[PDB]
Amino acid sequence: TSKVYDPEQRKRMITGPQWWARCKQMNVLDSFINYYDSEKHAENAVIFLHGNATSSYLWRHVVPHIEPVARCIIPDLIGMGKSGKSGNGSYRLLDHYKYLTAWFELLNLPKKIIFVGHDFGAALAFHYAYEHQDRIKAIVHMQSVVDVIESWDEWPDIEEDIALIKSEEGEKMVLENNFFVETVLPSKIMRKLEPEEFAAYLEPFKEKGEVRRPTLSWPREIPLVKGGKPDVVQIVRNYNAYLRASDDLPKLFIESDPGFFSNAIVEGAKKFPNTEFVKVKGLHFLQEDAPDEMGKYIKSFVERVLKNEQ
């Protein structure tokens, strides 16, 4: 089976260099963060968090829809995109969280922040919210790490694949063969990316070896109760319980159709009260198939949240 280019994409296409020229770099702890900042309307802040294999580039066609209503800030996570590397070479969830929260404290953020999370980027937003429950205005999430994996009731039995990624054979798949960037990323986009678009995802991880570590450390953080990292499992248990009780926190979930393990994620997402559910066509990286529909849904949601707090 093959995929085809979107014939109208090249006229709107934003290349890697075009995106990176719109970004800025700032020191954060012992390293630095590359990020996009739309600057205007700073009384609110909408922070977009990518997950594994991607970078701020993922949001490039989504964010213009929201910039007119609120300041939009989009980082490259540490070790990813054009950001600096982690000082100790470690890329666990808490390593990312350490750099991400240090970056927040330098951005002049409002008291209450809006988060937009994908993949493990949503796990970071959820953990931040659990630890700063008075700093959260709204949360948008999608194809997200919503809860632990405790059984195969909703999740397909992925045990054999998890054992693979945790093995030395999985390490070679990532560090030598770039599995998540070269294979998973295009497999989980419906359209075919333009060559320049794939090149922007490939560029941080173009060289073999240890530079690819973040794309191996992320799946090894999976919150599988039996065999997962117990510190990550606890983080996810804690913020899941918080989210299930957060009746007063308005949320938006963008379902992807047919998505990627969608059923398990939706069933977890349904347990969080005050969630508006919308749906777009896509797989895992739904930003690359329905960015304008997503941007419009997010814009209306933010507008509604702002109008009803006032």
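Numbers for residues come from their place in the sequence shown, where the first is 1.
| query | Averaged over C-alpha atoms, is the B-factor higher for 40 to 48 or for 53 to 61 in this PDB entry? | reply | In the deposited entry, the stretch with the higher C-alpha B-factor mean is 40 to 48.
| request: Could you check the entry and say whether 209 to 217 or 131 to 139 has the higher mean CA B-factor? | output: Here the higher of the two C-alpha B-factor means belongs to 131 to 139.
| field | Member of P195, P204, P223, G84 with the greatest C-alpha B factor (per the PDB record) | value | Among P195, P204, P223, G84, the highest C-alpha B-factor in the entry belongs to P195.
| request: Name the one of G117, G79, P75, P110 with the greatest CA B-factor according to the PDB entry. | output: In this record, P110 carries the highest C-alpha B-factor of the candidates.
| query | When the modelled residues of the chain are sorted by Cα temperature factor, does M26 land in the lowest, middle or highest third? | reply | Its C-alpha B-factor belongs to the middle third of this chain's values.
| query | Which third of the chain does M173 land in by C-alpha B-factor: lowest, middle or highest? | reply | Its C-alpha B-factor belongs to the middle third of this chain's values.
| task | Grab the CA temperature factor for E267 from the record and place it in the lowest, middle or highest third of its chain. | result | Middle third by C-alpha B-factor.
| query | Which third of the chain does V69 land in by C-alpha B-factor: lowest, middle or highest? | reply | Ranked within chain, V69 CA B lands in the highest tercile.
| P156: which third of its chain by C-alpha temperature factor? | It belongs to the highest third of the chain when residues are ordered by C-alpha B-factor.
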